[PDB]
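Take a look at the structure set out below.
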Amino acid sequence: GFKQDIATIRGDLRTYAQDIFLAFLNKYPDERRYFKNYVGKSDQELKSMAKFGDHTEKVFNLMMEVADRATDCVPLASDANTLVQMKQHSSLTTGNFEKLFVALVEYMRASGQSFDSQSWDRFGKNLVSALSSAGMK
Ligand code: HEM
Numbered sequence: 001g002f003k004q005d006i007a008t009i010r011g012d013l014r015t016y017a018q019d020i021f022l023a024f025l026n027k028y029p030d031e032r033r034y035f036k037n038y039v040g041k042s043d044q045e046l047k048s049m050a051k052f053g054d055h056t057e058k059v060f061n062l063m064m065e066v067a068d069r070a071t072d073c074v075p076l077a078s079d080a081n082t083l084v085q086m087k088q089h090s091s092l093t094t095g096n097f098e099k100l101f102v103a104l105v106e107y108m109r110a111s112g113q114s115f116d117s118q119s120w121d122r123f124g125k126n127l128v129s130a131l132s133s134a135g136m137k
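The sequence shown: position 101 = 101 (PDB author numbering), numbered continuously.
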């Protein structure tokens, strides 16, 4: 289930974080514009670079904190607020997050592992609703 998936992801956080983030950028290439220092780099280039790994791991760490604090895939209002009020997220709309979660769910569906992809789809939908509520356009 969802709790197990959090454990799975945390167990190899840097690998999943990189793989899912790359799946996101490659499926939605226009999104790479928010990441000016990743423009013009292959997947293996980016994997070579500690800063790419560091960024992505920090993102997914927080994502797993928010997921673990959720009840039945419903995130806390407070966690939504953190994500909306972070300086780094000042130019984002809910669609940016929507894209990330579609990529994550598609990754899970493609993985051949028994991820609870339906729960991640719901968690993403709930988080998007909560960001919108916290003031995100
Ligand atoms: C649940 C989803 C997300 C979480 C948990 C999250 C979390 C974070 C965290 C923790 C940082 C700071 C990382 C660091 O210090 O290295 C960060 C930075 C950032 N995030 Fe997000 N993020 C999310 C979604 C997104 C999406 C969808 C976008 C854009 C499509 C985005 C764009 C950025 C950018 C541009 C930065 C700054 C890049 C940098 O200077 O390192 N985030 N995010």
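Note that CB positions come from ideal geometry on N, CA and C, so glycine has one too.
Check: residue i C-beta below 7 Å from any heavy atom of the ligand HEM
i    : result
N126 : no
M63  : yes
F97  : yes
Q88  : yes
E45  : no
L92  : yes
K3   : no
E106 : no
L100 : yes
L83  : yes
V59  : yes
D19  : no
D54  : yes
Pick from the options that is closest to residue i, judged by C-alpha positions
i           : options                 : result
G53         : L22, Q118 and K27       : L22
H89         : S119, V74, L131 and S78 : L131
residue 145 : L127, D5 and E45        : Outside the displayed span of the chain (1 to 137) sits residue 145, for which this structure offers no information.
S42         : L25, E31, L76 and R109  : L25
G95         : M136, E106 and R14      : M136
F60         : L76, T15, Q4 and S129   : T15
Close Cβ partners of residue i (< 8 Å) along its chain, the five nearest in sequence each way excluded
i    : result
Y28  : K99 and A103
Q113 : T8
Contacts around residue i, its chain only, beta-carbon distance under 6 Å, and the 5 residues preceding and following it disregarded
i   : result
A50 : none
Heavy atom of the ligand NAD within 7 Å of residue i beta-carbon
i   : result
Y34 : The ligand NAD is not part of this structure, which contains only the ligand HEM.
Same chain, Cβ closer than 7 Å to residue i, five either side skipped, listed in chain order
i           : result
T56         : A17, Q18 and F21
residue 138 : An answer regarding residue 138 cannot be provided, because it is not within the stretch 1 to 137 covered by the chain.
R109        : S117
Integer-rounded CB distance, given that residue j should sit under 8 Å from residue i
i   : j  : result
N81 : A7 : With a Cβ gap of about 26 Å, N81 and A7 do not count as contacting.
For residue i, three-class secondary structure by DSSP
i    : result
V74  : strand
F35  : coil
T93  : coil
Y107 : helix
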